[PDB]
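Just one chain is shown here, as structure tokens, and it is the form deposited in one PDB entry.
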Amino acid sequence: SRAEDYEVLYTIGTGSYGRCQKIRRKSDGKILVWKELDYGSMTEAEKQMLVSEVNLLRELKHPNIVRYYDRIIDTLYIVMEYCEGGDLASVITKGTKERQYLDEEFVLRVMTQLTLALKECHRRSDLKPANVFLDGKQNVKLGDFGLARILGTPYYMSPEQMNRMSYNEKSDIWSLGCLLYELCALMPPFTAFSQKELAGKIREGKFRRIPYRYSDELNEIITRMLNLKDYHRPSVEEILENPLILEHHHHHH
């Protein structure tokens, strides 16, 4: 409701949208974040979209989706859950930098927890590592797609989107496979110097196996999600039935 109820601790990041800050709530010392957005420069036509988007973010309370808390108008402040471990893109960047592949156990947590985020998203009815967040307790959280909207280049561009087919939930499984693959290989499954060259790679359907430190079973599941035919990809339910996925891979709060 009011910005005087929150103590600004520090700036986490910045962008063309505005600023991301870590904040402590005066109520009960709750550590959260806000996105600081200047609307003063925008037209009403863009303001009609933005207001419709802030309220749409109020809908999903889920352990594996970043949680909305509050909105303030002063500048617009969108008050979100704090994710101590930051985003997945930085984890990948750090892996590359330190020459260190991620533990299979971490990859299984991401797979389990994002698949559950997707199960929920699909019930309501762009999975990039930059839009996936980690708390301090091994939990994985999907960023609100509506939040990311208001805030070969694509790589995760499913054959359906490409072949001008309408979107389906199996397209999200494809994007999940690309993310989990990149998490294992520290590179996306398909890469090229042009977008039409990227399209050629994706449609051919071929990629390197994930590093040999990952089990045959993990490799099998990622590979399955990267099938060209949407009907050969596993459903959310089929993914979670996988023997690899255990209680300890789920959220714990």
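The term rigid core refers to the maximal set of C-alpha atoms that superpose within 1.5 Å between the two forms. One-based numbering along the sequence shown.
Beyond the structure shown, there is the form deposited in another entry, which is absent from this document and is the topic of what follows.
Fit the rigid core and compare the CA positions between this form and the one not shown: of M187, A199, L37, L218, just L37 moves by 2 angstroms or more.
After superposition on the rigid core, the Cα atom of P234 is displaced by less than 2 Å between this form and the one not shown. Put the two forms on the same core and the Cα of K47 is off by 2 Å or more between this form and the one not shown. With the core held fixed, the Cα of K26 is displaced between this form and the one not shown by 2 Å or more.
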